[PDB]
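Below is one structure, written out as structure tokens, with a few remarks after it.
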Amino acid sequence: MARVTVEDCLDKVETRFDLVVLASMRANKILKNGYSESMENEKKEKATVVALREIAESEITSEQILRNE
Amino acid sequence: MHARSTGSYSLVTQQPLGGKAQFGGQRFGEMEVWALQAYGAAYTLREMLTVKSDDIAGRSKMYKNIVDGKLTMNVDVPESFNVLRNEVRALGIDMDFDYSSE
Amino acid sequence: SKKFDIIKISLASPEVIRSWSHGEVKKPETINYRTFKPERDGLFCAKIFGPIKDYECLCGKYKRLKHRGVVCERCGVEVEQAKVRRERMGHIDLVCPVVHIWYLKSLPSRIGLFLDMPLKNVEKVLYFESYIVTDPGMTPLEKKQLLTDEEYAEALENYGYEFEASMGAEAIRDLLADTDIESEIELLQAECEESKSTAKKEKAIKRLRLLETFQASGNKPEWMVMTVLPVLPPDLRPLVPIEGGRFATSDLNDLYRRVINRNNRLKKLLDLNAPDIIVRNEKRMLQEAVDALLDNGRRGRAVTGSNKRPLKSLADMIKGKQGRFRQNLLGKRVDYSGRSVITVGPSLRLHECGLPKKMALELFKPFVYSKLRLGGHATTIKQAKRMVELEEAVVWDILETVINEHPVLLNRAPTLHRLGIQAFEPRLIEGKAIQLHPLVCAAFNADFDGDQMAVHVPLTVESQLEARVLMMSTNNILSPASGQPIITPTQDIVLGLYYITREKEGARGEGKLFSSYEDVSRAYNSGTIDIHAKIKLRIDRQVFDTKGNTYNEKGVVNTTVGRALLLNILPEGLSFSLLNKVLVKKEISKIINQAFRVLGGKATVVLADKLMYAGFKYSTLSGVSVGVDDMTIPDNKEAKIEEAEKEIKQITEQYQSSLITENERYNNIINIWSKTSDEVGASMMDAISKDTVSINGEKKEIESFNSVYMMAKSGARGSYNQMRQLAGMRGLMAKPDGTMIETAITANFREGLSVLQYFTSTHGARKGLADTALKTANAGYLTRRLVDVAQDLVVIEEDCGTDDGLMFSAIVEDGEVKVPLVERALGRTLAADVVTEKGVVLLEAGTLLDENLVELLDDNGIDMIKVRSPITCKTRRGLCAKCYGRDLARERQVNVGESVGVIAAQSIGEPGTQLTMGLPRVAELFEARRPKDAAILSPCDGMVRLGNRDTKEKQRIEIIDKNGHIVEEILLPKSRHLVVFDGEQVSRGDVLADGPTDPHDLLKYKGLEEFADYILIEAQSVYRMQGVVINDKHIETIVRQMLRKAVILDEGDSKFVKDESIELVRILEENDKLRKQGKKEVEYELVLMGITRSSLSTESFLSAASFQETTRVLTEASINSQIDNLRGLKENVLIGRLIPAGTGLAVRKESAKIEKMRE
RNA sequence: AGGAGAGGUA
DNA sequence: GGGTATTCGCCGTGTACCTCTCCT
DNA sequence: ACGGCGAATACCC
Ligand SMILES: [Mg+2]
Ligand SMILES: [Zn+2]
Ligand SMILES: [Zn+2]
């Protein structure tokens, strides 16, 4: 609860349950891309908060783009 | 104090042992399940019931995943429900799964 | 669909039991004496049940995986994995049939009902004490007639042969195997057409409900008598060794041996043509052995083992508090889990906990193995596992980076509601206790005199996100049972904030003029100005108001030094009028309320932390203590008590001349003492509250700064009676029965009680302590029942379109308001328009009432509105968001997927331990108990009359017969009053007697609305007397589960007045609206259940068998061959898949959008 | 490994 | 024949945790 | 031990 607020994301998503579903899809796609093991052990963040933050900034993803069918 | 990550399990039900003298494991009782239900935590409640206690095939895969940094989850059925349906048919009753085409 | 969709429960034919098995067990041999190898055809054989070691046969000829599907020839054993011993059964070929004890003694008996003979007569034929004529033959006899084995020779010189009769279980099996079900339906439906439903047209009704059940499924009735027995796999009744050459064997092997050793005995007795007088004694012994194997205690006495303790059967490993359902399927001890003692740790942020290094290193151990083997410290996991046990230096920083943004949940001992689990962010401490933020303690109900806590680790990203988004302690700001906050400062945060914001009249630095918070700070830190001195301060800040606009607060206000020192923590949006008062507990909760409603979530969790720090700091700097002179004893006490004594002496002076009997030694002396107790408790607050100064001719009373007074008036800790006993007088005490001990304790704890006064106060103390522990069972039972009746209620859609509800008003006592219409209509949406008395409307139907719309209800003189209740929702198997209303914990409208049932059940139950004198009343309400001698209502209208022959059956003459003829007659006892006078015109629902109010005589005579009104005001008048506050939308989502079955009136496809679940009546009465035209749809009447009957009458057998009465439920489910669509909350945890609520709904919904987008 | 009895904590 | 009026059996009675000895 | 519920049977309308 340092610098990612759940109130910041409840302006984009619904129900506080949709937030969990969408954030988990985003996080799973981040983690199934590498994101570690090579050079950034203590130089990055957790995919959970990285995915939860891109929703609170209208960043790399919005709810409609989060699919990647 | 007593923490535990993975120890050794029972024989009949295949859940963890309990009591800090063997290696313990805390009882996530039923009142503690009503609370996860009142939050709507479905993913937290599905793994505290299968991959953490007695999904025999799921424990090994969860441990092998964490140590290797992967993601995969099948929750086949808790091995203590196979124990119950196997002793309800040790009476004269037939409890079984089905596919509902009608 | 790739996995089962239902679970069905049948009856097992002998032909299908022999298909489960893999061989017959014949000898009661478990294991070899000296070597540890199974016998040949015993309870543990390896040709039957499977190999003992993985991928090798018993003798050792094929020990490999290279031989997958080989069966050996030296031994009949198979080369396969040894897990199959958990799954693979065999059987026992009985030579005598034996009944199944469940289908005989489960009350009712599905066997004494097929034949229509009382079980007292079936038990004689089944345990060899009488005969039955399987066939009377051409002989004149009857069929199901009991021939005494002596009277079996009735005319053996004239009856002889050419008819059949026997005894045992083959008698009953032959009576079942040849019994014409269609024909008994024929001549039984001809016996129920009579409509003579007095005494026989109820006992004949159940028999055909049973006989049509067998025609429907396919189960022959002769399968209730076993001709073959199955034996459990061996790895489920295990033979683990013991310390020192022993075996802690099971009781399922004892009871299997006690059956094989009578089967074999009776078999080779049959071979020899041994006499019948002993072969029958054997057969009766084979039957009781099987009845004990299935469950001992039903019929036998106590069939008992070595340690004089009765053996545990198969029907005990699935039932009761220690069976399989509870204790193993709603249970499950878990990994990645720990425990410790909790300490206070007051420098934490509300979202944090202190976690020892020693615990956190165990709990997070595979994460650490991976992060070692990742960042080039160990190559294979063995060296990493090795450096974790030596506790190197490179390990304690990896552990700090691994648990960084990885939350954990903490739980306390009884999880009474859902705030008993919250997620936190761990920070490694050193020590062995857990640090718990001071503000999350009233949620958990914890303090720090010994309590412990458990820590669980979420493992998956969908559970790590669920921990942050839903459970994390920063989201749980308000109660789900009310709207009130749960992070309100409590005890010595309240005392610091109360202390610095009081004010002293003539103080040092009084009247100064400051322009900032930096000014008052700098001037205070110099020791030159008081903290209670009145000052003037200049403010300039923005303040949001009710509508949402933002005006500007300016000027120069009159403050105190201490209040203005709090101005630094107030956020922008809140007015300084909040802090500019004395800050008792109530006002701090109001500050937090406003901060949440006007500013939101993180603003409130920052304001709370800052108030915590300020209170902790300024209670210290104050040096506030308690001595023995704070307990100031009034100066009138001795004279007050002496006058009470002289009055007591005069009362007994009266009594000695026989002028009064019970008053002159009771109810008068006790009133003298009860009045003096409170006069002295009044004098004691005029001494601990007031003060005195007279410096500049200043002789007057000022509010005291006494430390005992300031602790109570702060609302921090302490009452007026607790303070009355320390420095007033303790007054009257109670003997446990309840009466008052005539001699009052005229001493307080400060001067000290004597020994004859300290004795009489131990009765009450022991009575209280005894109540306290013999009551949590009463409340835990009620809570568990409520969670089983209301569990599967979930909000599943936004609107149902209904337009019906309930009339809400103020719940007056008949003397005064006691609760306003506002605070009762907040959060509830409107079902009808709210037109005013002049004619114009204010609010349309369908408006979610909130705080900005309920003033219109009170400012415009409205006093009865029609709110969309959940007793009246039109949704099937769920609720809608617009009939529920507000969330009560988010201060919004509910979301789709929000489990209102559990939330509703553990908000009536959690305060259970706080009300007992009470809890029996809410039990007798939620259980719909038809009370003793309740009343008698009025079924029909007309005029009133009467008539009786003094036969204690006073009839009714409600037939007015003035408009024609009428048939309106009743009966009653002759020793009771009929509330209707000798004449009246009483319509449906009038009372022709007086007494309690039956909740079933309100549901058919007055409809659903009077019943809802009754139970709703009744359940709340019991919680409000103890000051407990539950929203009445929680009692209404439980009454909805008491009205869910109806008694039929018409018929389209079902029987008559037989009950039925509404969601069944409603779906067919909607096919007929399509199928034929309206096809006389079906008309029905709602009836009322209890919370236990409603939960046992469920349409799920898996969910009712988990609850209680497991055998009474499983026998019926197997005879009716019921099917369980999983469909529910509890049904879905037994088989381990996502519950249909919360995130389990939303993943289905949000995935329905993908297959659409790929099309 | 499991169960009994007895005590104790919250 | 119908309708009570006892009479008798069945099912239920909070959560988590620690220690000891004794039996198998 | 206590309570509440339900099937069983005997004693009067
Ligand atoms: Mg405590
Ligand atoms: Zn072999
Ligand atoms: Zn509705």
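Residues are named by chain letter and number: chains run A, B, ... in the order of the structure tokens, numbers start at 1 in each chain, and ligands are numbered from 1 in the order shown.
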
For ligand 3, collect every residue having any atom at a distance of at most 12 Å from a ligand atom (counting only C-alpha atoms (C1' of nucleotides) and all ligand atoms); output as a PyMOL selection string. chain C and resi 795-805+828-831+846+867-885+1037+1040

If you run DSSP on the backbone here, which positions in chain B get helix (DSSP H, G or I)? Please write them as an NGL selection string. :B and (31-39 or 42-47 or 56-68 or 79-88)

Distance-based interface of chain E with chain B, 9 Å, counting only C-alpha atoms (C1' of nucleotides), as an mmCIF file with C-alpha atoms (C1' of nucleotides), in the first residue's frame:
data_model
loop_
_atom_site.group_PDB
_atom_site.id
_atom_site.type_symbol
_atom_site.label_atom_id
_atom_site.label_comp_id
_atom_site.auth_asym_id
_atom_site.auth_seq_id
_atom_site.Cartn_x
_atom_site.Cartn_y
_atom_site.Cartn_z
ATOM 1 C "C1'" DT E 15 -13.223 -21.967 17.608
ATOM 2 C "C1'" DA E 16 -8.133 -22.464 17.633
ATOM 3 C "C1'" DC E 17 -3.869 -24.047 20.462
ATOM 4 C "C1'" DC E 18 -0.325 -26.489 24.218
#

Give the residue list for ligand 1 at 7 Å, counting only C-alpha atoms (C1' of nucleotides) and all ligand atoms, as a PDB file with C-alpha atoms (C1' of nucleotides), in the first residue's frame, sorted by chain and then by residue number.
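The result, stored in part09.pdb:
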ATOM      1  CA  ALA C 446      -7.662  -8.793  20.340  1.00  0.00           C
ATOM      2  CA  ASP C 447      -5.693  -7.372  23.216  1.00  0.00           C
ATOM      3  CA  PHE C 448      -2.196  -8.103  24.418  1.00  0.00           C
ATOM      4  CA  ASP C 449      -2.593 -10.187  27.561  1.00  0.00           C
ATOM      5  CA  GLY C 450      -1.850 -13.477  25.827  1.00  0.00           C
ATOM      6  CA  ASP C 451      -3.687 -13.888  22.513  1.00  0.00           C
TER       7      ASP C 451
ATOM      8  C1'   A D  10      -7.100 -17.047  24.356  1.00  0.00           C
TER       9        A D  10
END

Taking only C-alpha atoms into account, find every residue of chain A that has an atom no more than 10 Å from chain C, and write it out as a PyMOL selection string. chain A and resi 1-2+5-7+9+14-25+27-28+31+36-42+45-49+51-52+64+67-69

Please produce a file of those selected residues containing N, CA and C atoms, as a compact mmCIF listing (two decimals), in the first residue's frame.
# COMPACT_ATOMS: atom_id res chain seq x y z
N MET A 1 0.83 -1.19 0.00
CA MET A 1 0.00 0.00 0.00
C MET A 1 0.87 1.24 0.00
N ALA A 2 1.98 1.17 -0.72
CA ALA A 2 2.89 2.30 -0.78
C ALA A 2 2.43 3.34 -1.80
N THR A 5 -2.92 2.63 -5.26
CA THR A 5 -4.15 2.75 -4.49
C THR A 5 -5.27 1.98 -5.18
N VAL A 6 -6.08 1.27 -4.40
CA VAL A 6 -7.23 0.60 -5.01
C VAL A 6 -8.29 1.62 -5.38
N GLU A 7 -8.33 2.76 -4.69
CA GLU A 7 -9.25 3.82 -5.09
C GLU A 7 -8.87 4.42 -6.43
N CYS A 9 -7.83 2.73 -8.98
CA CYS A 9 -8.27 1.82 -10.02
C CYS A 9 -9.78 1.70 -10.09
N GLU A 14 -15.04 -1.88 -12.44
CA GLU A 14 -16.25 -2.05 -11.64
C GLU A 14 -16.03 -3.09 -10.55
N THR A 15 -16.88 -3.03 -9.54
CA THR A 15 -17.22 -4.15 -8.66
C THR A 15 -16.10 -4.60 -7.73
N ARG A 16 -14.88 -4.11 -7.94
CA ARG A 16 -13.72 -4.52 -7.15
C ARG A 16 -13.38 -6.00 -7.35
N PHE A 17 -14.24 -6.73 -8.06
CA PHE A 17 -14.01 -8.11 -8.49
C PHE A 17 -13.50 -8.18 -9.92
N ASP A 18 -14.08 -7.35 -10.80
CA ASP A 18 -13.53 -7.18 -12.14
C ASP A 18 -12.08 -6.72 -12.07
N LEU A 19 -11.76 -5.88 -11.09
CA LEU A 19 -10.39 -5.41 -10.94
C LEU A 19 -9.45 -6.58 -10.71
N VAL A 20 -9.85 -7.51 -9.84
CA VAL A 20 -9.00 -8.67 -9.55
C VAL A 20 -8.83 -9.52 -10.80
N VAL A 21 -9.93 -9.77 -11.51
CA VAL A 21 -9.86 -10.61 -12.70
C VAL A 21 -8.94 -10.00 -13.75
N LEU A 22 -9.13 -8.71 -14.04
CA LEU A 22 -8.36 -8.06 -15.09
C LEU A 22 -6.90 -7.91 -14.70
N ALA A 23 -6.63 -7.52 -13.45
CA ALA A 23 -5.26 -7.41 -12.98
C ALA A 23 -4.54 -8.74 -13.04
N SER A 24 -5.24 -9.84 -12.74
CA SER A 24 -4.59 -11.14 -12.82
C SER A 24 -4.28 -11.52 -14.26
N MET A 25 -5.16 -11.20 -15.20
CA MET A 25 -4.83 -11.47 -16.60
C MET A 25 -3.61 -10.67 -17.04
N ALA A 27 -1.19 -9.49 -15.12
CA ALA A 27 -0.02 -10.01 -14.42
C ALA A 27 0.44 -11.33 -15.02
N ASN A 28 -0.48 -12.20 -15.39
CA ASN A 28 -0.09 -13.45 -16.02
C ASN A 28 0.57 -13.21 -17.36
N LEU A 31 4.15 -11.93 -16.53
CA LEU A 31 5.02 -13.00 -16.05
C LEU A 31 5.34 -14.01 -17.14
N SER A 36 12.06 -11.51 -15.43
CA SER A 36 13.03 -11.80 -14.39
C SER A 36 14.10 -12.74 -14.94
N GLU A 37 14.88 -13.28 -14.01
CA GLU A 37 15.83 -14.38 -14.14
C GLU A 37 17.15 -13.98 -14.79
N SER A 38 17.30 -12.76 -15.30
CA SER A 38 18.50 -12.42 -16.04
C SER A 38 19.33 -11.33 -15.37
N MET A 39 18.75 -10.14 -15.15
CA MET A 39 19.57 -9.03 -14.70
C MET A 39 18.90 -8.09 -13.70
N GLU A 40 17.67 -8.35 -13.26
CA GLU A 40 16.90 -7.36 -12.52
C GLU A 40 16.24 -7.98 -11.29
N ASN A 41 17.02 -8.72 -10.50
CA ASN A 41 16.46 -9.30 -9.29
C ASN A 41 15.97 -8.23 -8.32
N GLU A 42 16.89 -7.45 -7.76
CA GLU A 42 16.55 -6.31 -6.91
C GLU A 42 16.59 -5.00 -7.69
N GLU A 45 9.88 -4.48 -9.71
CA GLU A 45 8.77 -4.63 -8.79
C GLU A 45 8.07 -5.96 -9.06
N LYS A 46 6.99 -6.19 -8.32
CA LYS A 46 6.22 -7.41 -8.47
C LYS A 46 5.17 -7.23 -9.56
N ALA A 47 5.00 -8.27 -10.38
CA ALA A 47 4.04 -8.18 -11.48
C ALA A 47 2.65 -7.84 -10.98
N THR A 48 2.34 -8.18 -9.73
CA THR A 48 1.04 -7.84 -9.17
C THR A 48 0.83 -6.33 -9.16
N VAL A 49 1.77 -5.59 -8.59
CA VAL A 49 1.60 -4.14 -8.51
C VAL A 49 1.91 -3.46 -9.84
N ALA A 51 1.04 -4.68 -12.74
CA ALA A 51 -0.23 -4.80 -13.45
C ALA A 51 -1.32 -3.95 -12.82
N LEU A 52 -1.35 -3.85 -11.50
CA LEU A 52 -2.37 -3.04 -10.84
C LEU A 52 -2.16 -1.56 -11.05
N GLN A 64 -10.58 -2.88 -22.09
CA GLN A 64 -10.92 -3.46 -23.38
C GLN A 64 -9.71 -4.06 -24.07
N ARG A 67 -7.32 -8.02 -23.24
CA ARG A 67 -7.68 -9.38 -23.62
C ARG A 67 -6.54 -10.10 -24.34
N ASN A 68 -6.12 -9.58 -25.49
CA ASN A 68 -5.09 -10.20 -26.31
C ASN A 68 -5.47 -11.65 -26.64
N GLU A 69 -6.58 -11.78 -27.36
CA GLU A 69 -7.22 -13.07 -27.65
C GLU A 69 -6.30 -14.07 -28.34

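Residues of protein, DNA or RNA having any atom at most 6 Å from ligand 2, counting only C-alpha atoms (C1' of nucleotides) and all ligand atoms, are residues 57, 58, 59, 60, 61, 72, 74, 75 and 77 of chain C.
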
How close does chain D get to chain C? List, as a tab-separated table, each residue of chain D within 9 Å, its nearest atom pair and the distance in Å to one decimal, counting only C-alpha atoms (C1' of nucleotides).
residue	atom	partner	partner_atom	distance
D:1	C1'	C:240	CA	6.3
D:2	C1'	C:248	CA	7.1
D:4	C1'	C:307	CA	8.8
D:9	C1'	C:450	CA	7.7
D:10	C1'	C:451	CA	5.0

Keeping N, CA and C atoms (P, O5', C5', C4', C3', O3' and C1' of nucleotides) for every residue in the selection just given, could you write it to a file as a PDB file, in the first residue's frame?
ATOM      1  P     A D   1       4.657 -40.495  12.168  1.00  0.00           P
ATOM      2  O5'   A D   1       3.211 -40.120  12.725  1.00  0.00           O
ATOM      3  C5'   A D   1       2.138 -39.843  11.839  1.00  0.00           C
ATOM      4  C4'   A D   1       1.146 -40.975  11.807  1.00  0.00           C
ATOM      5  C3'   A D   1      -0.082 -40.814  12.693  1.00  0.00           C
ATOM      6  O3'   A D   1      -1.112 -40.041  12.098  1.00  0.00           O
ATOM      7  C1'   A D   1       0.874 -42.937  13.065  1.00  0.00           C
ATOM      8  P     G D   2      -2.002 -39.051  13.000  1.00  0.00           P
ATOM      9  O5'   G D   2      -3.000 -40.005  13.793  1.00  0.00           O
ATOM     10  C5'   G D   2      -3.969 -40.794  13.121  1.00  0.00           C
ATOM     11  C4'   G D   2      -4.672 -41.731  14.074  1.00  0.00           C
ATOM     12  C3'   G D   2      -5.311 -41.096  15.300  1.00  0.00           C
ATOM     13  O3'   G D   2      -6.578 -40.526  15.042  1.00  0.00           O
ATOM     14  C1'   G D   2      -4.100 -43.017  15.940  1.00  0.00           C
ATOM     15  P     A D   4     -10.900 -40.197  21.248  1.00  0.00           P
ATOM     16  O5'   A D   4     -10.708 -41.272  22.400  1.00  0.00           O
ATOM     17  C5'   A D   4     -11.457 -41.211  23.597  1.00  0.00           C
ATOM     18  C4'   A D   4     -10.715 -41.854  24.736  1.00  0.00           C
ATOM     19  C3'   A D   4     -10.524 -40.976  25.948  1.00  0.00           C
ATOM     20  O3'   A D   4     -11.678 -40.950  26.753  1.00  0.00           O
ATOM     21  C1'   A D   4      -8.501 -42.089  25.434  1.00  0.00           C
ATOM     22  P     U D   9      -5.482 -21.142  32.406  1.00  0.00           P
ATOM     23  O5'   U D   9      -5.095 -20.618  30.964  1.00  0.00           O
ATOM     24  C5'   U D   9      -3.766 -20.234  30.678  1.00  0.00           C
ATOM     25  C4'   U D   9      -3.596 -19.848  29.235  1.00  0.00           C
ATOM     26  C3'   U D   9      -4.613 -18.880  28.666  1.00  0.00           C
ATOM     27  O3'   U D   9      -4.361 -17.535  29.029  1.00  0.00           O
ATOM     28  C1'   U D   9      -4.263 -20.646  27.141  1.00  0.00           C
ATOM     29  P     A D  10      -5.564 -16.547  29.414  1.00  0.00           P
ATOM     30  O5'   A D  10      -6.045 -15.965  28.021  1.00  0.00           O
ATOM     31  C5'   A D  10      -5.127 -15.612  26.999  1.00  0.00           C
ATOM     32  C4'   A D  10      -5.800 -15.600  25.653  1.00  0.00           C
ATOM     33  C3'   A D  10      -7.221 -15.076  25.626  1.00  0.00           C
ATOM     34  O3'   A D  10      -7.311 -13.666  25.703  1.00  0.00           O
ATOM     35  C1'   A D  10      -7.100 -17.047  24.356  1.00  0.00           C
TER      36        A D  10
END

Which residues are close to stretch 10-15 of chain B, i.e. within 8 Å by only C-alpha atoms (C1' of nucleotides), leaving aside same-chain residues fewer than 5 positions away? Reply as a PyMOL selection string. (chain B and resi 53-54+56+79-80+83) or (chain C and resi 235-238+328+332-334) or (chain D and resi 1)

Store the residues picked out above in a file with N, CA and C atoms (P, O5', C5', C4', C3', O3' and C1' of nucleotides), as a PDB file, in the first residue's frame.
ATOM      1  N   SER B  53      -3.554 -28.324   1.014  1.00  0.00           N
ATOM      2  CA  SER B  53      -3.685 -29.420   1.962  1.00  0.00           C
ATOM      3  C   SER B  53      -3.689 -30.794   1.299  1.00  0.00           C
ATOM      4  N   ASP B  54      -4.716 -31.161   0.541  1.00  0.00           N
ATOM      5  CA  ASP B  54      -4.807 -32.565   0.136  1.00  0.00           C
ATOM      6  C   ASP B  54      -5.256 -32.729  -1.304  1.00  0.00           C
ATOM      7  N   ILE B  56      -3.262 -34.230  -3.731  1.00  0.00           N
ATOM      8  CA  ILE B  56      -1.967 -34.904  -3.705  1.00  0.00           C
ATOM      9  C   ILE B  56      -1.165 -34.579  -4.951  1.00  0.00           C
ATOM     10  N   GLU B  79      -8.375 -35.169  -2.132  1.00  0.00           N
ATOM     11  CA  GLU B  79      -8.320 -36.594  -1.853  1.00  0.00           C
ATOM     12  C   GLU B  79      -9.111 -36.998  -0.627  1.00  0.00           C
ATOM     13  N   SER B  80      -9.711 -36.062   0.086  1.00  0.00           N
ATOM     14  CA  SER B  80     -10.563 -36.427   1.200  1.00  0.00           C
ATOM     15  C   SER B  80     -12.029 -36.465   0.815  1.00  0.00           C
ATOM     16  N   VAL B  83     -12.135 -40.163  -0.305  1.00  0.00           N
ATOM     17  CA  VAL B  83     -12.218 -41.011   0.874  1.00  0.00           C
ATOM     18  C   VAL B  83     -13.657 -41.129   1.338  1.00  0.00           C
TER      19      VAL B  83
ATOM     20  N   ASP C 235      -6.074 -49.364   2.408  1.00  0.00           N
ATOM     21  CA  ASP C 235      -5.329 -48.176   2.803  1.00  0.00           C
ATOM     22  C   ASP C 235      -6.184 -47.121   3.430  1.00  0.00           C
ATOM     23  N   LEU C 236      -7.457 -47.403   3.674  1.00  0.00           N
ATOM     24  CA  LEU C 236      -8.365 -46.503   4.367  1.00  0.00           C
ATOM     25  C   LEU C 236      -8.739 -47.013   5.745  1.00  0.00           C
ATOM     26  N   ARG C 237      -8.362 -48.244   6.070  1.00  0.00           N
ATOM     27  CA  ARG C 237      -8.425 -48.801   7.419  1.00  0.00           C
ATOM     28  C   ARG C 237      -7.034 -49.372   7.650  1.00  0.00           C
ATOM     29  N   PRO C 238      -6.071 -48.530   8.006  1.00  0.00           N
ATOM     30  CA  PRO C 238      -4.666 -48.898   7.840  1.00  0.00           C
ATOM     31  C   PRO C 238      -4.139 -49.689   9.026  1.00  0.00           C
ATOM     32  N   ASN C 328     -13.069 -32.546   8.036  1.00  0.00           N
ATOM     33  CA  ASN C 328     -12.171 -32.868   6.936  1.00  0.00           C
ATOM     34  C   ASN C 328     -12.492 -32.212   5.610  1.00  0.00           C
ATOM     35  N   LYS C 332      -9.621 -28.957   6.770  1.00  0.00           N
ATOM     36  CA  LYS C 332      -8.352 -28.857   6.057  1.00  0.00           C
ATOM     37  C   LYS C 332      -7.260 -28.008   6.705  1.00  0.00           C
ATOM     38  N   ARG C 333      -6.521 -28.557   7.670  1.00  0.00           N
ATOM     39  CA  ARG C 333      -5.180 -28.052   7.974  1.00  0.00           C
ATOM     40  C   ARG C 333      -4.387 -27.813   6.701  1.00  0.00           C
ATOM     41  N   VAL C 334      -3.559 -26.763   6.707  1.00  0.00           N
ATOM     42  CA  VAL C 334      -2.932 -26.227   5.506  1.00  0.00           C
ATOM     43  C   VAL C 334      -1.437 -26.018   5.716  1.00  0.00           C
TER      44      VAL C 334
ATOM     45  P     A D   1       4.657 -40.495  12.168  1.00  0.00           P
ATOM     46  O5'   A D   1       3.211 -40.120  12.725  1.00  0.00           O
ATOM     47  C5'   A D   1       2.138 -39.843  11.839  1.00  0.00           C
ATOM     48  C4'   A D   1       1.146 -40.975  11.807  1.00  0.00           C
ATOM     49  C3'   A D   1      -0.082 -40.814  12.693  1.00  0.00           C
ATOM     50  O3'   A D   1      -1.112 -40.041  12.098  1.00  0.00           O
ATOM     51  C1'   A D   1       0.874 -42.937  13.065  1.00  0.00           C
TER      52        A D   1
END

Neighbour list for residue B:101 as a list in words, cut-off 12 Å, only C-alpha atoms (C1' of nucleotides), skip fewer than 4 positions in-chain: residues 1, 4, 5 and 6 of chain C

Could you turn the residues from that selection into a file that holds N, CA and C atoms, as a short mmCIF file (atom, residue, chain, number, x, y, z; two decimals), in the first residue's frame?
data_model
loop_
_atom_site.label_atom_id
_atom_site.label_comp_id
_atom_site.auth_asym_id
_atom_site.auth_seq_id
_atom_site.Cartn_x
_atom_site.Cartn_y
_atom_site.Cartn_z
N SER C 1 -18.94 -32.08 -19.69
CA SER C 1 -18.01 -31.02 -20.05
C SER C 1 -16.69 -31.16 -19.31
N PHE C 4 -17.26 -33.62 -14.18
CA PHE C 4 -18.64 -33.91 -13.83
C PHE C 4 -19.42 -32.63 -13.58
N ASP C 5 -20.74 -32.73 -13.71
CA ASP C 5 -21.63 -31.58 -13.63
C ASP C 5 -22.66 -31.81 -12.55
N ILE C 6 -22.78 -33.06 -12.10
CA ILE C 6 -23.72 -33.41 -11.04
C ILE C 6 -23.14 -34.56 -10.25
#

Any idea what's packed within 7 Å of residue C:1088, counting only C-alpha atoms (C1' of nucleotides), ignoring anything in its chain fewer than 3 positions away? Could you give it as a PyMOL selection string? chain C and resi 1000+1042-1043

Store the residues of this selection in a file with N, CA and C atoms, as a CSV table (one decimal), in the first residue's frame.
chain,number,residue,atom,x,y,z
C,1000,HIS,N,-47.5,-18.4,12.4
C,1000,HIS,CA,-48.2,-19.1,11.3
C,1000,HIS,C,-49.6,-18.6,11.1
C,1042,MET,N,-36.9,-18.3,5.0
C,1042,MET,CA,-38.0,-19.0,5.7
C,1042,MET,C,-39.3,-19.1,5.0
C,1043,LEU,N,-39.4,-18.4,3.9
C,1043,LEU,CA,-40.6,-18.4,3.0
C,1043,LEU,C,-40.1,-18.8,1.6

Can you pull out the residues contacting residue C:303? Cut-off 10 Å, using only C-alpha atoms (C1' of nucleotides), and skip same-chain residues under 4 positions away; I want them as JSON, numbers by chain. {"C": [255, 288, 289, 292, 293, 295, 296, 297, 308, 309, 310, 311, 312]}

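Neighbouring residues of stretch 1-11 of chain F at 9 Å or closer, counting only C-alpha atoms (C1' of nucleotides) and skipping chain neighbours under 5 positions away, are residues 107 and 108 of chain C; 5, 6, 7, 8, 10 and 12 of chain E.
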